[PDB]
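The form deposited in one PDB entry is given below as one chain in structure tokens.
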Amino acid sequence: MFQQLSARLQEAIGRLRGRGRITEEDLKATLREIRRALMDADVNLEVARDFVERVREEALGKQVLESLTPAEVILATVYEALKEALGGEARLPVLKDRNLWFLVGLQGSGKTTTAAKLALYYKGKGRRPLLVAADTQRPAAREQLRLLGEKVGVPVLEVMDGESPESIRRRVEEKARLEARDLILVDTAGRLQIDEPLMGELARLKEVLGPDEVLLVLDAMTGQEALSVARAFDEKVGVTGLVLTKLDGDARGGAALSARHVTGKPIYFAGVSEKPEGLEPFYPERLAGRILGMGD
């Protein structure tokens, strides 16, 4: 993702090289070019205007009009604004002695494989995770998680067809006690579309299990729809953080750049490949650098 935006931002910066000091009108032209690059990447007008305004303020504060290398000043201020847009500092869910987290999202989001990859990540960090396959309607969805848990070496409790939330809670508590589990990852039902009956189920399960995090998994390649999905889950269930999958796919890029501003939720993890280790903690500064051609 973000190949076109990357090329357009780098080109806007590059057009400032080899010209000496620039004028106020030159600076305004570059700012318009940056806003256009963002909007072509499907960033909305409000988000893009705010971004450019931050670039303008910071560049003026760094003396851009007096610099012999204004391209470098713009590079630095775009880098900071991108790093800010994407979340600022890297963030992860808080671990306490015991933890129960939901994963929520649509079928095509990579939610179930994300649950397994998260479990593997945390097992490698010394946690003792339990996966819970919580689709009370679809046995195949539960079996998919069983098999992935087997592959990553993490136990899986599967709910029963039509099992009540209270029964799920009892069985999860029992297994977690017998197996000394300290991180419970509940993979909730995935559907192709949002559904009143489904949202009512997720909200009820949340009341009964009391998760401390609700992680919404979104396929980043779905564009502005991902922010609409995020709004629906946050309104009907309540979300604490995001996981963006398929960030390596061919797509424009603005969900990720538009998420802090629009949703107020941190992006915790990024899916950057299909390998079992392809899910990594999200680092806003490293994505910002890579968009601008810096680093790896």
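We call the rigid core the largest set of C-alpha positions that still match within 1.5 Å between the two forms. When you see a residue number, it is the position in the sequence shown, counting from 1.
Asker: Between 273-281 and 21-29, which has the larger average Cα B-factor in the PDB entry?
Answerer: Comparing 273-281 with 21-29, the higher average CA B-factor belongs to 273-281.
Asker: With respect to the recorded C-alpha B factors, which stretch has the higher mean value, 229-237 or 245-253?
Answerer: Taking the mean B-factor of the alpha carbons in each, 245-253 is higher.
Asker: I'd like to know which of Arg177, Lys111, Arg91, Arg171 has the highest C-alpha temperature factor in the PDB entry.
Answerer: Of the candidates given, the C-alpha B-factor peaks at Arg91.
Asker: Which has the highest CA B-factor per the PDB entry: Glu80, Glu72, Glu207, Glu196?
Answerer: In this record, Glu196 carries the highest C-alpha B-factor of the candidates.
Asker: Pull the Cα B-factor of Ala41 out of the PDB entry and bin it into the chain's lowest, middle or highest third.
Answerer: Highest third.
Asker: Check where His261 lands among this chain's C-alpha B-factors and tell me if it's the lowest, middle or highest third.
Answerer: According to the entry, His261 has a C-alpha B-factor in the chain's middle third.
Asker: Within this chain, which third does the Cα B-factor at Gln224 fall in: lowest, middle or highest?
Answerer: According to the entry, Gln224 has a C-alpha B-factor in the chain's highest third.
Asker: In terms of the CA temperature factor given in the entry, to which third of its chain does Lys151 belong: lowest, middle or highest?
Answerer: Within its chain, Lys151 is a highest-third residue by C-alpha B-factor, going by the deposited values.
Asker: Where does the C-alpha B-factor of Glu163 rank in its chain, lowest, middle or highest third?
Answerer: Bottom third by C-alpha B-factor.
If you look for the form deposited in another entry, you will not find it shown, but the lines that follow are about it.
Asker: Note yes or no: does the Cα of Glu24 move by 2 Å or more between this form and the one not shown after the core is superposed?
Answerer: Yes, the C-alpha moves 2 Å or more.
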